[PDB]
């Protein structure tokens, strides 16, 4: 009849899993709490934004980021779980890059933060590979016909970040000012950095 299986509340199941393992001495003191900290506070798109602003103002670093992303990210100490082999992909006047994991949620955690709910949605996972122009449009980003859209499906160990184009009107801005306009969505590739009116 296609009905859902009977299940205890998800919180009860999740904590049961914790307690089953913890009660057997299999989870070190403060282990899950430490990970929660890392996930909430350390893994952050602010790190990716910092990398973008550096690339925008330092041609040498830009070239390193684009040829050996791992080494570039390592200079900042931002390698980590789900972010050990980094490739940065360069937007150009004729190319817009977008990242997905069609098979589950694969994301460069340490520099983009854990993926947002929408990125893990079946809608995004199904659609962006096939109709990225329409998906971005619906999300609020218009990509003209003369720009090729390239979708990177994160199917193995490469962990991606988008290096967006530096928008006009930011000439002479400090790294701090530039960082501010590089958002999580810019790093994923669904948004273009915005300059205030």
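Residue numbers count along the first chain shown, from 1.
Here the stretch with the larger average CA B-factor, out of 120 to 128 and 92 to 100, is 92 to 100. The PDB entry records a higher mean C-alpha B factor for 25 to 33 than for its counterpart among 133 to 141 and 25 to 33. In the PDB entry, the Cα temperature factor peaks, among 50, 40, 153, 157, at 40.
When all modelled residues of the chain are sorted by CA temperature factor, residue 168 is found within the highest third. For residue 161, the recorded CA B-factor ranks within the lowest third of the chain. Only modelled residues enter the ranking. Among the modelled residues of the chain, residue 185 sits in the lowest third by CA temperature factor in this PDB entry.
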